[PDB]
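Handing you this structure, nothing more for now.
Each chain gets a letter, A, B, C, D, E and F, in the order it is written, and its residues are counted from 1.
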Amino acid sequence: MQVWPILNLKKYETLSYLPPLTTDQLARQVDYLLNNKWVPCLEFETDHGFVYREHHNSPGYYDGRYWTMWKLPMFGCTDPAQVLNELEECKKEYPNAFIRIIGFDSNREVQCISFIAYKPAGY
Amino acid sequence: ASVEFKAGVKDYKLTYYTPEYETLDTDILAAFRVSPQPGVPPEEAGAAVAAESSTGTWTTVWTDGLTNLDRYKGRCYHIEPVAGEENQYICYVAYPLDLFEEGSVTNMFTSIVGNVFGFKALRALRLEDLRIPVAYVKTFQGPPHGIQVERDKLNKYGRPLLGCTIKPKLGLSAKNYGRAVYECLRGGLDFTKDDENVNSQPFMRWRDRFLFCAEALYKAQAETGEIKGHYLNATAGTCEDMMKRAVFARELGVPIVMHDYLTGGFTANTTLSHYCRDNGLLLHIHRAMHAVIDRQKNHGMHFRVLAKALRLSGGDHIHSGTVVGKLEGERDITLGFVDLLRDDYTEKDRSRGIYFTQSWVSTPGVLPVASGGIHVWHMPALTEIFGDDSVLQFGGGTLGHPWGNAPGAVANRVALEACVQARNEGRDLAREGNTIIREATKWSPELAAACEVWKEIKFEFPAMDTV
Amino acid sequence: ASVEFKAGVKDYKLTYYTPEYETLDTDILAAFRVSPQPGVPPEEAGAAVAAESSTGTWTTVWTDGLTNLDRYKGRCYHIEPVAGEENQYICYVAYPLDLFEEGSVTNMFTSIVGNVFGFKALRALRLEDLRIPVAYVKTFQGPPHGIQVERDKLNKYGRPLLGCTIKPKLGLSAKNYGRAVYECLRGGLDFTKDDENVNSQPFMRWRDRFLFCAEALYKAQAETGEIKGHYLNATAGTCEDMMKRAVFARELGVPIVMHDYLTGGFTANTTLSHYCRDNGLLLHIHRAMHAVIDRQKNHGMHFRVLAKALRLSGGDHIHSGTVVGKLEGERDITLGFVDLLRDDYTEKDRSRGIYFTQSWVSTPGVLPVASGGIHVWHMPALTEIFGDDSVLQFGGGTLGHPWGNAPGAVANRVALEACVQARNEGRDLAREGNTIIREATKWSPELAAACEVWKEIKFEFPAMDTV
Amino acid sequence: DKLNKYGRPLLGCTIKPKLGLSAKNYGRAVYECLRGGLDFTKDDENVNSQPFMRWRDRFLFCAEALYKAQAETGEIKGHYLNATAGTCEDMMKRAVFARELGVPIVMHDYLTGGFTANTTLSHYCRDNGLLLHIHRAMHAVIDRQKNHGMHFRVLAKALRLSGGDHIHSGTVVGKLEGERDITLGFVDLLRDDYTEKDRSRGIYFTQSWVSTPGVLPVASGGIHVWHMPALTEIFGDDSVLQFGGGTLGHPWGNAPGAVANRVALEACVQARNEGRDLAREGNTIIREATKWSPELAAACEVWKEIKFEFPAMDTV
Amino acid sequence: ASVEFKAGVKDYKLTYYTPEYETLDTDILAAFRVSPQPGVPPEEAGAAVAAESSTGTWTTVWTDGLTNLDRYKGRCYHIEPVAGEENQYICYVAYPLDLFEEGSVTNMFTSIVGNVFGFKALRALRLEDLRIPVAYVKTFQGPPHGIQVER
Amino acid sequence: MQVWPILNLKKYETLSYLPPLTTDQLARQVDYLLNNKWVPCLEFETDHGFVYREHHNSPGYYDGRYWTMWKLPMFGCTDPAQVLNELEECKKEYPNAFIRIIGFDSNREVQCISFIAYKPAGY
């Protein structure tokens, strides 16, 4: 009988209950996004890594959901090395931030992909 | 000026027995009949009642020094032994104006009668009377209308009013209620009413009854040409429910509703009193439950205190007893609290049970209602005891008549007018009563049939409540 | 099937004495202690009480034949003589479910206790108990929260709760009230409260007091780390006024308010009970005035009936007496009605004054509150009598401590925990009480100072209310 | 977008014993479930307000619990508070207090409450930013038999008009009836803007929605970790998968139960996304995850034999 | 008094078939016409209906031990075979008063008829009749007027 | 006249105004719980040891009342050494937490026992 731990067990939505993505596993998530013809985008955040409620409290209002856009969505991208390259550029400029990869479906106007790709020190 | 705090218990009489105190005209005064346990001196018993109905507890408290205990404390200022009684005293207690919440009978009772009746050190306690100072009286509305305005609204002058509770107390349907109301009112009664416990139930829901009773009362009014009323009961489980019934009565445009003020309670009754003033409704008050409290001489609260409390909270009618009918009430005590209900000023009078001179600074007077076990042969005595400013009610005495409700009502109305004419012509109602009634039976067949049925019926028993 | 109408009076016992009746499980049952006048047989006395608290009046009425009298009539179905008494009987009366208004304690009292206590034919009457059928219980809300939910809201488990009335009953200012509340709460009491008669007055207006008591309670909560409450009183002159105070307490986010349910009344209290359920407020009930009604064995209403009625109307706490302190209450009778207040089921048990088996069909339980003249040396007995599910309140016992309110509170909290530990370890509280207290004084200087001050104080007198 | 949740089916859980738990034990159970990785917990369809647990106490304790699980995990949480009631006034009072608590989602039983009341609550939830979970209690009285009644697809279309953000859709593989092709048909009728006549899936008419928002289908009733691969294949990302028994029946308690289900679902999503076939490699995908997840391994041992396979009453 | 929690699935009839139970006068009673699938005994079918219309689900839950399952559980207390029918039974189920919201027909139907009609293990289910106890009747207003008052 | 202190005088509900439980006194509280046939459970908390109001403020709402369950309630336990053993296991895994012992009555659905059994450093 094991007790699920309590301390420093922050999670990050889709895929964060799995083992850490290897470089091959990260590659395959970007292939999957591109194979479905979704638009990739990178987002980053240094200050509020998790969701909170500072300015309002009514149903469905949360702060911390918006992060900041790295450049623009990569419209027309077909090459996974571009996505991975921009991830390396974001990391170099913001080594202290959380960085996620998202993929947009413009017909539904819904993100169909979202996962954490890099985490700063101690996370 | 500030003595040290000393923790521990000491006698109440060191602070709360004050035989030299002169009462203020802003004070509330209480007359308590106190029966101490063996070994408790009357001074300590009186002190204990004063302390615990005002500012004190059982041990010494340091926080007394933040205030001025001597301006707030209640105080036993006089002790009188009861004649013919072992270990029973009248203790007089004075309470400063500032202890009480303005306009609240609830708060006044909470202090004076709240915890002291259960003290281990007492065998028994009865509150006999209260002197309510005119500065506290002015914080209350009192009756919604009062005797003058009620007679002017109804165009009724020169005789007691006549009413009647519908019988089977419970179990009649809404439409049979109305049928009975019409036949009563058309024979000459001014009022009919809901029984105190007819509220809303499986055999008859309230809104159905109000509506059929309005049709019936308006039909009797138009046939006879005299204004009619039926007391619709607003007593209920919650204030919202009570308020909804007063609202529909207002909508029907009828003149009078009723409330059971002790079973409903003082908080709810003051609310309804304020609503009836704001909306032109007469308020009949039924005193259901009073005898639980007021029957015994050793313990409880006398009816005169409960009747003063109603006058403050508010009502246009209150039941006062009959003296001669089926429920207890001694003549002299009754005349005493009838005066306390109707007049602007009543002097101390221990032979009628009035312990304190009481003034009302024009609070409207309440009409006393005599009901319960009375019939045509009682009419002369009732007219003599209460006079013109009363309501006399005959439930059994109308619905038990051999020819039905209309004839039952005629009999009661003929009997009452016969008494009024005779009194007005100089005849003595106490001595010529039976002859007055007997004369009227010669031209009124309806009264004659009522006289035959109830000629032997009397209610004569030893009273429990004597001066 | 319809017999002719016969006008005139006849004995009540012809219709209302019914010794072969089997009670229905939907009936309300009443146990009445009846003392008839000389010459009134117990059958007629019993019949008279049943008739006049249900359908009948003093003469025969023709309107009975429009309904079915036998399905609605109340009925005396058993008479038992009282041992050791001349002319005193227990008469048992049954009332059909259809006579009562759903959810209205007011209507239930109005019928059963309305007019019959003032009958000339009786010398005395006392309602001892009531069997409330489960079909009528389900028409009421009951407590807003009840025992389980109260402990879960406050995170308090495994010991009686501790409370405290602020002293000088009357005369403290709003700011001195809150100063006293902070110092009491910070020393380990869970609760403090308004005195039953502190409502709103010239020395301290209610809104100012609520506000300062909120600052003080929040300060004590933060210092100690334990949830705190202060019972803010909503008792008032009108429903509107009462509602305004419950509304401001809601706004302050505090856990608990209080009402004086008998002086406010049942119509008002049911309103407040429904508001407290709707708004998550705990409701402490104070029984001010009960002893006017329930002290004497011959006449009135026993507290167990008034306690059942509160459970229906609704309250989370009700004062239950202490047994050992300054106000009357016999151990066995008290254990009886504590079980009627807390449990789902209580079997007939005449040795504790329980006349009828009573079920509650999961109506929440009420927390009994023990208060009035108690102190640290009583702690062992109090813990033994009531157990974990009670509130023990020390007003004078906290604010009469020689070192002030905080040390007062520590002494009470330490004494209670000492008793709980000893009990839990298998020690006998009845026999080892003084030794348990004494042992705690060796490491608690606060308890030692309290012990010295009150070591001689006891309240021992002959009881008026015995089985 | 409100919940910040993308790229997988959502995970819920009905609190069990259906009836009989207290207000505080409900909240205790909610916190432990939500902290282990479920997105949602919920009131059982028949938990309204009762002698064992009154509604306002339950709302209050479930708010404390959900907010504690949210802060521990970093992920938005919800608990479906039930507004179903005897009268509209009562129903409205519950939606009002949920609003006051600032929580994201309430629930309604639309057939037992009824369409008149349901439309009222749907308008209130649009006006106040509340998600609305719909439970279809009573539908099988009407929709079970092929000769007589009304098929569920008609009841599902009616709910989309009246209004709700979630509706129960069946599981196909669990304890209650639902055939794969008929289910796929009305799932498309609930989520999509346009659906062509297709008699093989029971669609008799081409149906258009002119941008009426889509309803998330909820799969619940008798499912567990070994069903995860098939559920993910049938419904895809836009669904909610609910495990009541399958969380509160776990040997190690609610948190570990929740971890097992969350790990199972992520394992399926990763494998699908890498190109693996969920229909054929399902058991291997679950089995692989049991090597690094003790919690899932315990859940797999307990329910390895459990299947619900019976003849269907409702066929094309 | 508290037995260990044992995870896993077991038959419904172990907890919810209760042929010796005497009905309480506060109980709601249901008469169900049950038609089970082949291979499902009538005891398990009746048990399944009672469990899933009251407190139980498909596998064993540890949280039963925080309450008193035996005072809340619905229970199949009698099974009668239907004359002239293959594999069809009247199953009688009892539900404690405390399961129901006062004054709510909606809540009463939600429990008794909510989910059990779509169980895979049954071919068909019909609720024929309900015994509504007088203690639950009194929580409802009933007709606004009724026959007497309308005339 | 002694003044009741103000600083670092946090308390923990039932039994926290007594001297610290000896090992024998702790054993006797566990015996009492088991002798009444209540179900023992351990609960622990590292972050919010005391009660607070972050998410709401209405009557009866407090944060900090729920702690986290150590394994499951010990249904059918009759041996005090099991309870004390779980307490030692909890302490070893969470030496920085507050740990309490509770006992449930399932008939009333009320905790009849609750006390603090271990406190971290400086408490």
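To be clear about the criterion, contacts are C-beta pairs under 8 Å (C-beta built on N, C-alpha and C of every residue); 3 or more make two chains touch, one makes a residue touch a chain.
Which chain is which protein? Per UniProt: B, C = Ribulose bisphosphate carboxylase large chain.
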| item | value |
| --- | --- |
| Chains contacting each of chain A and chain D, listed by label | F |
| Chain centre separation (chain C, chain D; CA means) in Å | 47 |
| Between chain B and chain A, distance of the C-alpha-averaged centres to the nearest whole Å | 79 |
| Averaged-CA centre spacing for the pair chain F and chain C, given as whole angstrom | 33 |
| Residues of chain F engaged with two or more neighbouring chains | 55, 58, 60-62, 65, 68, 71-72, 109 |
| Residues of chain E whose C-beta touches two or more other chains | 5, 62, 66-68, 97-98 |
| Those chain pairs that satisfy the touch definition | A-D, A-F, B-C, B-E, C-D, C-E, C-F, D-E, D-F, E-F |
| Complex contact set, residues of chain E against chain B | 145, 148-149 |
| Residues on chain E engaged by chain C in the complex (per definition of touch) | 25-26, 97-98, 102, 134-139 |
| Residues on chain E engaged by chain F in the complex (per definition of touch) | 1-5, 62, 65-68 |
| Complex contact set, residues of chain B against chain E | 173-175, 205, 208 |
| Touching residues on chain F, where the partner in the complex is chain C | 1-4, 6, 9-19, 25, 28-29, 32, 49-51, 53, 57-62, 65, 102, 108-115 |
